[PDB]
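*Asks:* Handing you a structure now.
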Amino acid sequence: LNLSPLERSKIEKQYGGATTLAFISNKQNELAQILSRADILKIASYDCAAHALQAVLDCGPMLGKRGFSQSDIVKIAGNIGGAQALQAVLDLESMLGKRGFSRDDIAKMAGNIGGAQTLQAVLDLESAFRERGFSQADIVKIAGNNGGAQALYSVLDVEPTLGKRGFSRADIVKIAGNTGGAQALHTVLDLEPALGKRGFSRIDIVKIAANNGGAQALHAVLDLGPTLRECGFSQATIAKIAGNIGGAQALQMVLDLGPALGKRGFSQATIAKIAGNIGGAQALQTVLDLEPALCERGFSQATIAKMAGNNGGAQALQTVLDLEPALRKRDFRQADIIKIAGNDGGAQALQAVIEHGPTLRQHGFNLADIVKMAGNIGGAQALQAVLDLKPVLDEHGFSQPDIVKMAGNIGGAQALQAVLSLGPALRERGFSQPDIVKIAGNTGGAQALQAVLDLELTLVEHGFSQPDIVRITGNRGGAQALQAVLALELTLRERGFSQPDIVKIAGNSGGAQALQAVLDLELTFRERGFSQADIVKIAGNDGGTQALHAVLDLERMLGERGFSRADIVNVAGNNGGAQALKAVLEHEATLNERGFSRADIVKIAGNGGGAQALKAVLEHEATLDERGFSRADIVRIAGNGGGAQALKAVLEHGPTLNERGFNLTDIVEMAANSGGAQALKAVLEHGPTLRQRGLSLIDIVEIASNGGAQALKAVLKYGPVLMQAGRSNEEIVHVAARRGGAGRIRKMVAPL
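The numbering of the sequence shown is the working numbering, which starts it at 1 and goes up by one.
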């Protein structure tokens, strides 16, 4: 073929290169029958390639007939000693085939330097290995990386001893599989007894030895270990540090750099963490080298330690030092830079921001959006995915906030890709685009989308609706929850649970566990006096699993303290139920002391955020008592959703309202509904205005108590217009002072 002067002169430099070029020219037709152009040039890129190419002509045709690819031929011939290796294959492929070695295995082994001797060694030792329980695949791994005959004999020599010392064949092959793995095996044999007495397990030894530089790592543990232990490092830490590639160097760096790092303020736990990742040695060194400059840029010590404590920690620090100026120019604050760099692969994320940031801005994303998308593990791939998929994202009709939402989580890149791949399919199934964004919009969203597509038909056929499915998979862990529904549906319904019960239990985060927990704990619940309906109520919220267990762990003490089964259910059966149930047991004696009945306690704790409501009563009951509020007033105020906030509102705004003419009874009335806090604040801020316009305090109390803040704002907004139209205060109050008062006001004001 037409070789450029570059392709030519590359070959000429090789020993016997001029002959190789000549051979190719003089034998171009013959070679073209067996190999492509690229195959020829690859083989030609080695010394004495003329011998190898001649061997291709002499062996190639037969090897083609015998099942060897062009790729295998190149692997064998394209190496030092390739001519000999290719001949060896042709002479031995048949016998090797008999022994259960595939074409691929034969080519792999022969692909080693001096592969001809590798193959002969295998034939000589195959029966020995087979007798000892090893497979053909093990032999290939042992022979790999130019292990050759020596690696095979090394394994045979040490195996029976390592066997007696409690090492598996899998451990042995794993260690042997690396470069210098045979030497690693001998090192294991020599050092294992001392390692064991120092306190290291077989597993730690195998793990340390099964990396490149493993033998050196084993030596480092024994020789550096004692000094590290004197420096306060445990054997578990030493093993973990040594357990990664470059483990030996990392241990030495802890020893060498440790003292100077501590004197700068870094703890030993921090030093160990930085060292315990791959590239820990470089990270430790980079900290010592770059910490002064980073501090001179303003980064705190804890910040530096955190960036270094992740995988790629060394790159993170270096990239942060390099990119920080340009990032700051783009008005990134230091905290944002830190957020982006403080994860695994932070360096790549920073570089992604620099590279893609400008384009992202032009697409409408702001700094916060970029920081959110890049500020996760895999942040670099998320930003990249956004730019690459943007035209398709635009076509499908996804908004920019939709993009930020499903890309702004861990796994965001995969979420975007999954939504473009599975989206149209799900829309044809009947799922809306906003529901698709919801499902894709959590970590694991890619799997959640797939789960829906896979299970939708079956679940619908069983009586579940598509909105039910959206509800179940629209949370974190959504795929698992849906899978749990499919798996456990039969059992739950056989036990007497309805499909809406199942949906409710599964329809919250942690739903997979909640479903299983209901199955596991139902019998125990019925025995302790609870009903199936109670179980659904308790498990049917966020943290339902913890709520159920909290019931089982606390029901005895609570019952003995005068709380009924119904009381327990009402307390535990809301969001944060486990905390509310615990708070009751913690404060019931003190609350009783302050004049609150069992029923009072249940009422206060029996709403969402019941624990905080209890806490708020204890913290404020004394002051409220002093001001003239009765125990019953306090219970009414705190005994609704948001009771803690309502209680605080009375505490903070009450006197002012009282100064203005509002009596305590009215204050209690305005506050003793859900959203009572908003009501009081609405009266505080807008009350004087309504009063100026001609509304009495009584009117204001009526509206605030029965219509809430919503109704007040509606009267504030539309009141003047209605008055000009001839409506009296009696009419406006009647219209507004009701649930939905805002809507009734709007209806009356409409024609104006």
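Here a beta-carbon is modelled for each residue, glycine too, at the ideal position from N, C-alpha and C.
For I700, count neighbouring C-beta atoms within 10 Å of its own C-beta (all shown protein chains included) and say buried if the count is 16 or more, exposed if not.
*Replies:* The residue in question, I700, is buried, as its Cβ has 16 or more Cβ neighbours within 10 Å.
*Asks:* In whole angstroms, what is the alpha-carbon distance linking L722 and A750?
*Replies:* If I take the Cα positions, the gap works out to 10 angstroms.
*Asks:* In terms of alpha-carbon separation, which member of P500, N607, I76 lies closest to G60?
*Replies:* The candidate whose alpha carbon is nearest that of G60 is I76.
*Asks:* Can you list, in chain order, the residues of its chain whose CB lies under 6 angstroms from that of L125, leaving out five sequence neighbours each side?
*Replies:* Contacts found: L152.
*Asks:* When you compare only the Cα positions, how much space is there between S630 and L624?
*Replies:* Roughly 8 angstroms separates the two Cα atoms.
*Asks:* Would you report the Cα separation of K42 and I370, rounded to the nearest angstrom?
*Replies:* Taking the straight line from one Cα to the other gives about 45 angstroms.
*Asks:* Alpha carbon to alpha carbon, how far is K615 from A572?
*Replies:* So the alpha carbons of these two residues sit roughly 16 angstroms apart.
*Asks:* Using the Cα positions of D289 and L387, report the straight-line distance between them to the nearest angstrom.
*Replies:* Near 36 angstroms, if we compare the C-alpha coordinates of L387 and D289.
*Asks:* Using only the alpha-carbon positions, how far apart do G378 and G298 sit?
*Replies:* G378 and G298: Cα-Cα distance of roughly 26 angstroms.
*Asks:* Identify, in the order they occur along the chain, each residue of the same chain with its Cβ nearer than 8 angstroms to the Cβ of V56, setting aside the five sequence neighbours on each side.
*Replies:* Cβ neighbours of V56 beyond the five flanking positions: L31, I34, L35, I43, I73, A77, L86.
*Asks:* Can you round the beta-carbon distance between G478 and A517 to whole angstroms, since I take them to be within the 8 angstroms contact cut?
*Replies:* About 18 angstroms separates the two Cβ atoms, so there is no contact after all.
*Asks:* Shortest alpha-carbon distance to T590 belongs to which of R169, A107, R561, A335?
*Replies:* Among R169, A107, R561, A335, the Cα nearest to that of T590 belongs to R561.
*Asks:* Might you give, ordered along the chain, the residues of its own chain that have their beta carbon closer than 7 angstroms to the beta carbon of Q282, omitting 5 neighbours on each side?
*Replies:* The residues are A314.
*Asks:* Note down, one range per segment and in chain order, each alpha helix (DSSP H) of at least 4 residues found wholly within the region 223 to 278.
*Replies:* The qualifying runs are 235 to 242, 247 to 264, 268 to 275.
*Asks:* If I follow the unbroken alpha helix (DSSP H) through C48, where does it start and stop?
*Replies:* Note, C48: premise wrong, no alpha helix (DSSP H); not H, not E.
*Asks:* Is the region 223 to 239 touching the region 181 to 193, taking contact as three or more C-beta pairs under 8 angstroms?
*Replies:* Because the criterion of three Cβ pairs below 8 angstroms is not met, the region 223 to 239 and the region 181 to 193 do not touch.
*Asks:* Let me make sure I understand the geometry here. Which of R361, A143, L523, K372 has the alpha-carbon closest to that of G177?
*Replies:* Among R361, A143, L523, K372, the Cα nearest to that of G177 belongs to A143.
*Asks:* Quick one: Cα of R495 to Cα of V536, how far?
*Replies:* If I take the Cα positions, the gap works out to 13 angstroms.
*Asks:* Please identify the residue among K27, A38, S45, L1 whose C-alpha is closest to the C-alpha of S9.
*Replies:* Among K27, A38, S45, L1, the Cα nearest to that of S9 is on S45.
*Asks:* According to DSSP, simplified to helix, strand and coil, what is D289?
*Replies:* Residue state, collapsed to three classes: helix.
*Asks:* Return the first residue and the last residue of the alpha helix (DSSP H) that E626 is part of.
*Replies:* 610 to 627 is the span of the alpha helix (DSSP H), which, as asked, contains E626.
*Asks:* In whole angstroms, what is the alpha-carbon distance linking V353 and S300?
*Replies:* In a straight line, the C-alpha of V353 is about 22 angstroms away from that of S300.
*Asks:* If I follow the unbroken alpha helix (DSSP H) through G707, where does it start and stop?
*Replies:* Where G707 is concerned, there is no enclosing alpha helix (DSSP H), given that its DSSP letter is neither H nor E.
*Asks:* If we require 4 or more residues per run, which alpha helix (DSSP H) segments fall completely within the region 6 to 33?
*Replies:* Counting only runs of 4 or more, we get 17 to 26, 28 to 32.
*Asks:* For the alpha helix (DSSP H) containing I113, list its first residue and its last residue.
*Replies:* No alpha helix (DSSP H) contains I113, which DSSP labels as neither H nor E.
*Asks:* So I637 packs on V683, CB below 8 angstroms; how close in whole Å?
*Replies:* No, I637 and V683 are not in contact; Cβ-Cβ is about 15 angstroms, not under 8 angstroms.
*Asks:* Can you find at least 3 beta carbon pairs, one from the region 493 to 511 and one from the region 451 to 460, that sit closer than 8 angstroms?
*Replies:* Because the criterion of three Cβ pairs below 8 angstroms is not met, the region 493 to 511 and the region 451 to 460 do not touch.
*Asks:* Identify which residue in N211, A248, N2 has its Cα closest to the Cα of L228.
*Replies:* For the residues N211, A248, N2, the minimum Cα distance to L228 belongs to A248.
*Asks:* Taking the Cβ atom as the reference point for each residue, do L521 and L490 lie within a distance shorter than 7 angstroms?
*Replies:* It is not a contact, given that the beta carbons lie outside the stated cut-off.
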